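In what follows, chains are A, B, ... by sequence order, proteins preceding strands, each numbered from 1.
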Amino acid sequence: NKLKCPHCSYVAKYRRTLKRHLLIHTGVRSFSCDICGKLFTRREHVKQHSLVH
DNA sequence: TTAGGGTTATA
DNA sequence: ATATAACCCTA
Ligand SMILES: [Zn+2]
Ligand SMILES: [Zn+2]
């Protein structure tokens, strides 16, 4: 099943949502806050976090 | 707030 | 079909 995660029982409705979900198992955090240096998994998370500054 | 589930739009 | 994006919801 191309919609099933190879690392857990999660099954996505769309292929793009499975690819996003894979990042929970790799731990990759490609986004950062320029003010405090904290790392984030999505760029929407940075915008959400920016409100503390 | 954090973080990952959901969704829809555009190319 | 993929790539990137954005916005909402919730524990
Ligand atoms: Zn998984
Ligand atoms: Zn910060």
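With a 4.5 Å cut-off between side-chain heavy atoms of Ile, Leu, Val, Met, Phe, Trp and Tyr, the cluster of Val11(A) takes in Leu3(A). Other members of a hydrophobic cluster containing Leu51(A) are absent, since no ILVMFWY side chain comes under 4.5 Å of it, directly or through relayed contacts.
Each salt bridge (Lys or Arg N to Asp or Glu O under 4.0 Å) pair with one or both residues in residues 22-38 of chain A, not counting sequence neighbours, would appear here, but there are none. Listed by first and then second residue, the ring pair (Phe, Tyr, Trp, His ring centres under 6.0 Å) pairs involving residues 30-53 of chain A are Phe40(A)-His49(A), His49(A)-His53(A) (not counting sequence neighbours).
The interatomic distance linking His53(A) (NE2) with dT1(B) (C1') rounds to 12 Å, in whole Å.
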Report each atom pair, protein N/O against N/O of nucleotides 8-11 of chain B, whose distance is under 3.5 angstrom.
none

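Counting 5' to 3', DNA chain C first comes under 4.0 angstrom of a heavy atom of chain A and last does so at the ends given by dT2(C) to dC8(C).
Within residues 4-11 of chain A, the residues having any heavy atom closer than 4.0 Å to DNA chain B are, in order of number, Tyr10(A). At a non-hydrogen distance threshold of 4.0 Å, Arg20(A) from residues 19-30 of chain A come into contact with DNA chain C. A heavy-atom distance below 4.0 Å to DNA chain C is reached by these residues of residues 36-49 of chain A, ordered by number: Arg43(A), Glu44(A).
Here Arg42(A) pairs with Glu44(A) under the salt bridge (charged side-chain N to carboxylate O under 4.0 Å, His left out) rule; sequence neighbours left out.
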Between side-chain atoms of residues 17-26 of chain A and protein atoms elsewhere (two or more places apart, or another chain), which donor-acceptor pairs fall under 3.5 Å?
from, atom 1, to, atom 2, distance (Å)
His21(A), NE2, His25(A), NE2, 3.2
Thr26(A), OG1, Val28(A), N, 3.3

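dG4(B): sugar pucker south (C1'-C2'-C3'-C4' torsion negative).
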